[PDB]
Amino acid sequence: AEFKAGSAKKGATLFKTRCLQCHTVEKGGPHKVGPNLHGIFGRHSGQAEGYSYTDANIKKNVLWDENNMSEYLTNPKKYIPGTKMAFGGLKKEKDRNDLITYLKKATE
């Protein structure tokens, strides 16, 4: 994938509609169904403390950046077979770009 910068404002509405039920982004926000996403960028998958990941997510051992995140959110199970993240995917390029723009800033 090729991340282009988008609207953080729409990315927040995208996050809050499609991600917030399973995730938080603030520093020190609680783990829910999924882990807190603070400092997700520049961190390998499966390394947030306090959350029990799938083996699949740990062994993927992917250093998250803008681009591989875009691929992941298109179809999570396809990028990480075995993941227990039950999310179909953000199919539209512009929605993924909008969200990741928000996510960069919101996870500090």
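Residue positions are given as counts along the sequence shown, with the first one as 1.
Placement of the Cα temperature factor of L90 within the chain: highest third of the modelled residues, per the deposited record. Among the modelled residues of its chain, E49 has a C-alpha B-factor that falls in the highest third, as given in the PDB entry. Looking at the C-alpha B-factors along this chain, the one for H38 belongs to the lowest third. Placement of the Cα temperature factor of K27 within the chain: highest third of the modelled residues, per the deposited record.
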